[PDB]
Asks: 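Would you mind keeping the following structure in view while I ask a few things?
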Amino acid sequence: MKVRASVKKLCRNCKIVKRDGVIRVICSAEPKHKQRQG
Amino acid sequence: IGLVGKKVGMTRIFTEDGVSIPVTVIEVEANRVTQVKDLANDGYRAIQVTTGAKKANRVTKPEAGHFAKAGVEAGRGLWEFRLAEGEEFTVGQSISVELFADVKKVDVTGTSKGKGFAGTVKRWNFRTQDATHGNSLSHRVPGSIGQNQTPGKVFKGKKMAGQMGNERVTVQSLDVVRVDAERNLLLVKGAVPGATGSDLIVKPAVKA
Amino acid sequence: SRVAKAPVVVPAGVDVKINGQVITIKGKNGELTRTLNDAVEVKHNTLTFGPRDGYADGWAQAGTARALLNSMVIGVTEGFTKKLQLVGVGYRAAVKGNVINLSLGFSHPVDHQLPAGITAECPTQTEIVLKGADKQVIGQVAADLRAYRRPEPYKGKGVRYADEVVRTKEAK
Amino acid sequence: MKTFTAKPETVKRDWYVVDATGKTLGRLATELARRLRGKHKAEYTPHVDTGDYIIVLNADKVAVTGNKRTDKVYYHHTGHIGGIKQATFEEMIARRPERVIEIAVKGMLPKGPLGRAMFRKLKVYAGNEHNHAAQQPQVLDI
RNA sequence: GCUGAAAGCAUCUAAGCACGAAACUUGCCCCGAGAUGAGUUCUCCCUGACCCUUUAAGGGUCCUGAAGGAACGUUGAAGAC
RNA sequence: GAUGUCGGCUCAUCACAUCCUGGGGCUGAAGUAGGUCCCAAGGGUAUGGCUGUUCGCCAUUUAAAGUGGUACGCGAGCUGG
RNA sequence: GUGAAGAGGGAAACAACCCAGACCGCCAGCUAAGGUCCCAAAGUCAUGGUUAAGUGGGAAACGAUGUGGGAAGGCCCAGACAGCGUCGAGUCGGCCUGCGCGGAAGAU
Ligand SMILES: C=C[C@]1(C)C[C@@H](OC(=O)CS[C@H]2C[C@H]3CC[C@@H](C2)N3C)[C@]2(C)[C@H](C)CC[C@]3(CCC(=O)[C@H]32)[C@@H](C)[C@@H]1O
Ligand SMILES: [K+]
Ligand SMILES: [K+]
Ligand SMILES: [K+]
Ligand SMILES: [K+]
Ligand SMILES: [K+]
Ligand SMILES: [K+]
Ligand SMILES: [K+]
Ligand SMILES: [K+]
Ligand SMILES: [K+]
Ligand SMILES: [K+]
Ligand SMILES: [Mg+2]
Ligand SMILES: [Mg+2]
Ligand SMILES: [Mg+2]
Ligand SMILES: [Mg+2]
Ligand SMILES: [Mg+2]
Ligand SMILES: [Mg+2]
Ligand SMILES: [Mg+2]
Ligand SMILES: [Mg+2]
Ligand SMILES: [Mg+2]
Ligand SMILES: [Mg+2]
Ligand SMILES: [Mg+2]
Ligand SMILES: [Mg+2]
Ligand SMILES: [Mg+2]
Ligand SMILES: [Mg+2]
Ligand SMILES: [Mg+2]
Ligand SMILES: [Mg+2]
Ligand SMILES: [Mg+2]
Ligand SMILES: [Mg+2]
Ligand SMILES: [Mg+2]
Ligand SMILES: [Mg+2]
Ligand SMILES: [Mg+2]
Ligand SMILES: [Mg+2]
Ligand SMILES: [Mg+2]
Ligand SMILES: [Mg+2]
Ligand SMILES: [Mg+2]
Ligand SMILES: [Mg+2]
Ligand SMILES: [Mg+2]
Ligand SMILES: [Mg+2]
Ligand SMILES: [Zn+2]
């Protein structure tokens, strides 16, 4: 998990999702792309 | 439940394999049930027991009538034990140390020996300051008791000199060495609170 | 929306019992039931799904309500299947009644009591096949069984969903 | 002439029963506070308790808006250093549901001897029963 | 994480459901009803005359003196008092 | 028309930007053992040599030898290098 | 300009800000700033919107299918967009703007 102020889609397979008031990047392809805004 | 006993003193049991077990000898005479508390009347489940034998002149008329209602002799006091979900007892029932026959560990509650007014060194294990190297009148004194203007007060619970001991203490999870129902004796491994002669409340160990 | 607009067809066999918000679906494979979100209207052939008035979400709640009752209809009718595979030397599974007993390379037994509604059988030691009416419950049990030893990224060892692609990488 | 003052020894205090079920905590509390103080009476006198006895039933079913059931926090300090304690609304409801209403009303009553006296006339119950049928409380809708 | 729409897909979340830490609430120990919101239970004790005036939780007398308490004494592994 | 000062000693108390122990994501994470980030303040968190030292270096421990605030906490508490 | 040398009302508290300049008395009335759910005087006032963050009631670059409004496009029943030729209705992402969200750690 990357915890960052700037969370972004890093590839095609990244998806932005808001869960419990938190913007997250989930990625089917690359676990390194998983991000939480914070 | 538990039973009320008396600290007789300490001794040892030598085992066949050459271990000396330090034991507190607890005299557990018959605990007579004086009152059964229920949810309807009292709002909780408990027995009140008495033990020993008080002398008629020292038994007040209020005390006498309470014992007389139960149909038991006056003992030296009254103690309550909360009842488990299953447990049932009747008024006037006598409960012996046989209660503890299969109990492996007990919690023993007593009143600790009274040390009176105790300094911080004794009471709280404070370190002494220098005996020499210039120390002026401040060998066993507590040192600083706070900070400065912030907070400008001493905090509650500050460890200071005062009354030590002469208070309720429970020692938990003492091994039952021997239940001698014939002599009204319970032998527990190790020390328990209070002086020889003091009342002890013995209960099966809560922890296990 | 496009989910909710589609009405769930009723197969024969499986009776529906709406009341208030709570719906009941009973067939050959048991009797499921759900209280739907109070913003939802269901309308019995075919259960329709559309939005109730005075409710901002509405079509969102109706689309889930649809999707839930589609699965409920399919659940009491056909039922749902999940298969887990075990991977790893000496990893085995075996069912004793409603308890799965998994050997997963631990220094102790692992015994998952399967919840009511879920049946399980092991076609061989390295396969569980769960069966039940609730799609949610059978998914939850499968997830619980997977969680004992999640598929690991070097050699793929653990409890996997039989479908799942376990991405494996090489050691540094 | 001199303006009327209520006299504590001659004040008429009536008994009321309120159902807290589904009421917004704060909007109930203000109406309770008003009536405990006696602001609803023409005989209202700031230095006299002219208010009414109020039984509140079903305190455990009092409602809050938003995320306040989980997120409204009740703080108290024990007086011991580091002794800041907290409980959420839902925890307060589970443990001591009468305290939710009582705390809400207490903060809306005057501070000082009279405000404390006013609060004593509030009788909050977790459930639907009270022991005060002898006082003959009239239903009061809020 | 499950199920799952909004957004035919996907999505742990919006509805719903499940896990999840020495933190939190308990569980363990001690204090604790001045908790003036002063709680409960059990037991014990007292079942006399009389007259005023401000007729009222009014006042005084004669008789009575309970339960129990205190005091005093002998004291204590209780204690500065 | 005085708000006693460095360091030590005694006694602390809070914050969390966490040193250890607890939970977790990613790893250029095989394992072992790390790296990094997130959660977490319950409790715990060296003794000596040298020097007035704080610090530092050094020796040898430890699960760890946390970082700060508190009149650079604490002389109507001690010391006075 | 005010304080100094200026009281009163408001800004929780608060010389210097806002309102306003106290000759004395009144248990009359109207207003100012500021207010009107309870503490605490006065709208739980009316109508139309926005916000779901207790935002309101602390904090930037920057990040984001939060959500409202406006103008204009691309592609689309010569079948678009997504899922798997099929499928039958919209879809796509820039622009301007309102209100929110993360960014956001401190000592009694
Ligand atoms: C006499 C004043 C002292 C005791 C000490 C003072 O320290 C000095 O003033 C340094 S000069 C030094 C003071 C004394 C008296 C003469 C000689 C010179 N030395 C022995 C010192 C440390 C400050 C710097 C100034 C303020 C002080 C109050 C708080 C504080 O820390 C004090 C004064 C108000 C205090 O009374
Ligand atoms: K009492
Ligand atoms: K410190
Ligand atoms: K890690
Ligand atoms: K800690
Ligand atoms: K200073
Ligand atoms: K000093
Ligand atoms: K001082
Ligand atoms: K001194
Ligand atoms: K002027
Ligand atoms: K706020
Ligand atoms: Mg969560
Ligand atoms: Mg003593
Ligand atoms: Mg020492
Ligand atoms: Mg001297
Ligand atoms: Mg000396
Ligand atoms: Mg102060
Ligand atoms: Mg006030
Ligand atoms: Mg879906
Ligand atoms: Mg531990
Ligand atoms: Mg002076
Ligand atoms: Mg932190
Ligand atoms: Mg804490
Ligand atoms: Mg704990
Ligand atoms: Mg050193
Ligand atoms: Mg200092
Ligand atoms: Mg410090
Ligand atoms: Mg001195
Ligand atoms: Mg000082
Ligand atoms: Mg010198
Ligand atoms: Mg001047
Ligand atoms: Mg002025
Ligand atoms: Mg002013
Ligand atoms: Mg003011
Ligand atoms: Mg007017
Ligand atoms: Mg008012
Ligand atoms: Mg209105
Ligand atoms: Mg705010
Ligand atoms: Mg912002
Ligand atoms: Zn990606």
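Convention: sequence-line order gives letters A, B, ...; per-chain numbering from 1.
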Asks: If you assign each of A/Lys8 and D/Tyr44 to its closest nucleotide in RNA chain G, which residue comes earlier from the 5' end?
Replies: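 The residue mapped nearer the 5' terminus is D/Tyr44.
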
Asks: Measure distances between side-chain N and O atoms of B/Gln147 and base N and O atoms of F/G69, and say whether any donor-acceptor pair falls under 3.5 Å.
Replies: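 Counting by modelled atom types and ignoring angles, no donor-acceptor contact under 3.5 Å is found here.
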
Asks: Tell me if E/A56 is syn or anti. Syn = glycosidic torsion within 90° of 0, anti otherwise.
Replies: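 Syn for E/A56; the angle stays within 90° of 0.
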
Asks: Name the orientation of the base relative to the sugar in F/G75: syn if the glycosidic angle is within 90° of 0, else anti.
Replies: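 Judged by the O4'-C1' to base torsion, F/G75 sits in syn, the angle falling within 90° of 0.
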
Asks: Please identify which of these residues, D/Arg35, D/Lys121, D/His40, meets the side-chain hydrogen bond (donor to acceptor under 3.5 Å, both in side chains) condition with D/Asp52.
Replies: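 For D/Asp52, the side-chain hydrogen bond (donor to acceptor under 3.5 Å, both in side chains) check succeeds only for D/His40.
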
Asks: Find every protein N or O atom lying less than 3.5 Å from an N or O atom of nucleotides 74-80 of chain E, and list the pairs.
Replies:
| from | atom 1 | to | atom 2 | distance (Å) |
| --- | --- | --- | --- | --- |
| E/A77 | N6 | B/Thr196 | O | 3.2 |
| E/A77 | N1 | B/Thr196 | O | 3.2 |
| E/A78 | OP1 | B/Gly114 | N | 3.1 |
| E/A78 | OP2 | B/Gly114 | N | 3.0 |
| E/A78 | OP2 | B/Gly114 | O | 2.8 |
| E/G79 | OP1 | B/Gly116 | N | 2.9 |
| E/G79 | OP1 | B/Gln163 | NE2 | 2.7 |
| E/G79 | OP2 | B/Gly114 | O | 2.8 |
| E/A80 | OP2 | B/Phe117 | N | 2.9 |

Asks: Need the pair for F/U45. Rule: Watson-Crick or G-U wobble, both distances under 3.5 Å, any strand; none if unpaired.
Replies: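 Result: none.
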
Asks: Considering only F/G25, E/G68, F/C78, which nucleotide approaches the side chain of B/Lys61 most closely?
Replies: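 Nearest to the side-chain atoms of B/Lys61, counting from C-beta on, is E/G68.
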
Asks: Could you work out the separation of G/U65 and E/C9 based on their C1' atoms and round it to a whole Å?
Replies: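 About 15 Å, rounded to a whole number of Å.
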
Asks: What's D/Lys68 touching, base or sugar-phosphate or nothing? Going by heavy atoms closer than 4.0 Å.
Replies: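 If one applies the 4.0 Å heavy-atom cut-off, D/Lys68 turns out to touch a base.
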
Asks: Please assess C/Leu32 against C/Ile23 for the test side-chain contact (heavy atoms from CB on, under 4.5 Å), listing each intermediate value before the final yes or no.
Replies: CA-CA 9 Å; C/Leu32 298 189; C/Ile23 324 303; over 6 Å; no

Asks: Under a 3.5 Å limit for both distances, which nucleotide forms a Watson-Crick or G-U wobble pair with E/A5, could you say?
Replies: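 By the stated definition (distances under 3.5 Å), nothing pairs with E/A5.
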
Asks: Is it the case that B/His139 and B/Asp130 place a side-chain donor and acceptor less than 3.5 Å from each other?
Replies: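 There is no such pair (donor and acceptor under 3.5 Å, judged by atom type) between the side chains of B/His139 and B/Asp130.
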
Asks: Between E/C63 and E/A70, how far apart are the two P atoms, rounded to whole Å?
Replies: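 About 29 Å, rounded to a whole number of Å.
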
Asks: Start with the C-alpha distance between B/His66 and B/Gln48, add both sets of side-chain angles, then the distance that settles side chain to side chain donor-acceptor pair (under 3.5 Å), and finish with yes or no.
Replies: CA-CA 11 Å; B/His66 184 66; B/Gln48 196 195 65; 2.5 Å; yes

Asks: Give the ring-plane orientation class for C/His112 versus C/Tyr148, where under 30° counts as parallel, over 60° as perpendicular and anything between as tilted.
Replies: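 Ring orientation, 0 to 90° scale: perpendicular.
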
Asks: Regarding B/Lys37 and B/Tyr44, do their side chains bring together a donor and an acceptor under 3.5 Å, going by distance alone?
Replies: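 There is such a pair (donor and acceptor under 3.5 Å, judged by atom type) between the side chains of B/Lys37 and B/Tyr44.
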
Asks: For RNA chain G, whose closest nucleotide is more 5', that of A/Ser6 or that of D/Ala29?
Replies: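 Of the two residues, D/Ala29 wins.
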
Asks: Syn or anti for E/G8, with syn set at within 90° of 0?
Replies: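 Nucleotide E/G8 adopts syn.
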
Asks: Of all the nucleotides listed (E/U3, E/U41, F/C26), which has the minimum atom distance to the side chain of B/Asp42?
Replies: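 Of E/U3, E/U41, F/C26, E/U41 is nearest to the side chain of B/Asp42.
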
Asks: How far does the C1' atom of E/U54 sit from the matching atom of E/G65, given to the nearest Å?
Replies: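 Pairwise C1' distance, E/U54 against E/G65, rounds to 32 Å.
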
Asks: Going 5' to 3' along RNA chain G, which nucleotides are the first and last within contact of chain D (any atom under 4.0 Å from a heavy atom)?
Replies: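 That gives a stretch of G/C27 to G/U108.
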
Asks: Would F/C16 be called syn or anti, given that syn covers angles within 90° of 0?
Replies: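 Base orientation relative to the sugar is anti.
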
